Amino acid sequence: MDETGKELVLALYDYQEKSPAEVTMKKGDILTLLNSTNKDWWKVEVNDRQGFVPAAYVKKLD
């Protein structure tokens, strides 16, 4: 429920969360970067859902 700035990213692929720590994203979704210090997992928020997603599935829009 935050502001969709904080460096935005594009969802390249359709991804399904595995655990409550991940969030589901679809190709064409604009995610907000919360933490991207990890090479494999980038913490993002979709609309309201904060979770981790594969950094390989997301790309800097900034």
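For the structure, check the block above.
All residue numbers given refer to positions from 1 along each chain's written sequence rather than to the entry's numbering, and residues for which no coordinates exist are omitted. To get the side-chain values, take all heavy atoms of the structure and skip hydrogens and water.

(A) Representation of the sheet that holds strand β1 (residues 8–11) in the model. Two strands qualify as a pair provided DSSP detects at least 2 bridges between them. Runs of E in the DSSP output that reach at least two residues are strands. Runs of H or I that reach at least four are helices, and both are numbered from the N terminus. The 5 strands are arranged β4-β3-β2-β1-β5 in an open sheet whose pairing can be described as antiparallel. A single partner strand is all that each edge strand has here, and the edge strands are β4 (49–54) and β5 (58–60). On average, each strand axis in the sheet is tilted by 45° relative to the strand beside it, whichever way the strands run. Where strand β2 (residues 30–35) meets strand β3 (residues 41–46), 3 bridges bridge the pair, whose relative direction is antiparallel. Residue pairing for β3: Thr32 is matched across the bridge by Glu45. Under this scheme, a helix contributes an axis fitted over its contacting stretch, all axes are lines through C-alpha atoms, and angles between N-to-C directions fall in the 0 to 180 degree range.

(B) Spatial organisation of the pattern of salt bridges. Salt bridge, as used here: a side-chain nitrogen of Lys or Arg that lies within 4 Å of a carboxyl oxygen of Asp or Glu. With the rule as written, the count across this model stands at 5 salt bridges. Between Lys18 and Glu22 there is a salt bridge whose closest N-O contact spans 2.7 Å. Only protein chains enter the area calculation, which uses a 1.4 Å probe; residues under 20% of their type maximum are buried, those over 50% are exposed, and those in between are partly exposed. Using a relative accessible area of 57% as the deciding quantity, one classes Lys18 as exposed. Residue classification places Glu22 among the buried residues on the basis of a relative accessible area of 9%. Notably, a salt bridge pairs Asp48 with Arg49, separated by 2.7 Å at the nearest N-O pair. Overall, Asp48 belongs to the partly exposed group, its relative accessible area being 28%.

(C) Highlighting the nonpolar core. Counting residues in each nonpolar core, the largest one holds 13 residues, and the members touching the most others are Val9, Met25, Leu31, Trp42, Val44, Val53 and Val58. Ranked by the residues each element gives to this core, the list is headed by β3, at 3 residues. Ignoring any residue separated from it by four or fewer positions in sequence, one finds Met25 in contact with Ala11, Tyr13, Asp14, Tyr15, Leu31, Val53, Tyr57 and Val58. We define a nonpolar core as any set of buried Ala, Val, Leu, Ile, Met, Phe, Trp, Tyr and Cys residues linked to one another through side-chain atoms lying within 4.5 Å. Contacts were defined at the residue level, with two residues in contact if any of their heavy atoms lie within 4.5 Å.

(D) The arrangement of the environment of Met1 in detail. Mapped onto the secondary structure, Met1 falls in the segment before β1. With 48 residues separating them in the primary sequence, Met1 and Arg49 have C-alpha atoms 7.7 Å apart. Non-local contacts of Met1, meaning those with residues more than four positions away in its chain, are made with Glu45, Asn47 and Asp48.

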